[PDB]
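Structural features, examined
Spelled out from the first residue to the last, the chains are:
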Protein chains: 2
Amino acid sequence: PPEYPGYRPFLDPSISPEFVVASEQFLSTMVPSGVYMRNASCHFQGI
Amino acid sequence: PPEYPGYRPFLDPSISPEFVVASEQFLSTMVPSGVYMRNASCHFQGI
Ligand SMILES: *[C@@H]1O[C@H](CO)[C@@H](O)[C@H](O)[C@H]1NC(C)=O
Ligand SMILES: *[C@@H]1O[C@H](CO)[C@@H](O)[C@H](O)[C@H]1NC(C)=O
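Within each chain the first residue of the written sequence is number 1 and the count goes on from 1 in that order, possibly differing from the entry; residues lacking coordinates are omitted. Whichever chain is written first becomes A and whichever ligand is written first becomes 1, with later ones labelled in order. What you see is a piece of a larger assembly; the numbers all apply to this piece alone. For the side-chain quantities, the full set of heavy atoms in the structure was used; hydrogens and water were omitted. Residues with missing side-chain atoms are left out of burial classes, side-chain pairs and their counts.

1. Notes on the site of ligand 1
Residues and elements named next belong to chain A. Filter applied, for reference: Summary of the distance rule: residues count as near a molecule or strand when at least one heavy atom falls within 4 Å of that molecule or strand. For the purposes of these results, a polar contact is taken to be a pair of N or O atoms within 3.5 Å, where, inside protein, one atom must be able to donate a hydrogen and its partner to accept one; residues adjacent in sequence count only when each atom of the pair is a side-chain atom. Here the Shrake-Rupley method, with its probe set to 1.4 Å, supplies the accessible areas, and only the displayed protein chains count as covering residues. Charged means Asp, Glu, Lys or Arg here, nonpolar means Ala, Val, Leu, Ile, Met, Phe, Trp, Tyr, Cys or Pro, and polar covers whatever is left, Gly included.
Neighbouring residues of ligand 1: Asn39, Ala40, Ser41, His43 and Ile47. Interatomic distance of 2.4 Å between a side-chain N/O atom of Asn39 and an oxygen atom of ligand 1. Relative to its unbound accessible surface of 360 Å², ligand 1 loses 36% to contact with the protein. Partitioned by chemical class, the residues of the shell around ligand 1 number two nonpolar, three polar and no charged.

See the structure below:
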């Protein structure tokens, strides 16, 4: 993202309904079927 | 002023009370005491 320009008191920060689809409903294409568990030193069998 | 970037639906265009002073109340320093009248070809005695 572009660097911080400063506080803009006139920018409207509201959330749009299209943002609910672009961000949250899109993340489901990446959710896996199982999730691992790991040691502190490379051991995966459920800690 | 900078060139037109495009319609920003989120910019707040409201008028501020400081704009009433910066623009309108400042113009009084330039109003003259009398105003001329002119011909179409450089004649000033009240047309
Ligand atoms: C990794 O797991 C083994 C056995 O599961 C355990 O002995 C060891 O302490 C674990 N490593 C760490 C850093 O806790
Ligand atoms: C300028 O004024 C004179 C007399 O006041 C008049 O004869 C003349 O027509 C005027 N010029 C124009 C372009 O009207």
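Once the structure has been displayed, the description carries forward.
2. Side note on the packing of aromatic side chains
Residues and elements named next belong to chain A. We count it as follows: In this analysis, rings of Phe, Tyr and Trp, with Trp reduced to its six-membered ring, are considered paired at centre separations within 6.5 Å, and the interplanar angle assigns stacked below 30 degrees, edge-to-face beyond 60, and tilted for intermediate values. Buried means the residue's accessible area, taken with a 1.4 Å probe over protein chains only, is under 20% of the maximum for its type, while exposed means over 50%, and partly exposed covers the values in between.
A complete count under the given rule lists two aromatic pairs over all chains for this structure. Seen from their ring centres, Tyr36 and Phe44 are 5.3 Å apart, and the 75° between their planes marks the pair as edge-to-face. Classification of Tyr36 by relative accessible area gives exposed; the value is 69%.

3. Some points on unusual backbone geometry
As a reminder of what qualifies: Every helix listed is a DSSP run of H or I at least four residues long, and every strand listed is a run of E at least two residues long, numbered separately from the N terminus.
Positive phi is not limited to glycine here, since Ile47 of chain A has a value of about 60°. Relative to the helices and strands, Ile47 of chain A resides in the segment after α1 (17-24). The phi dihedral of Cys42 of chain B is positive, around 40°, even though this residue is not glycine. Classification of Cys42 of chain B as exposed rests on a relative accessible area of 68%.

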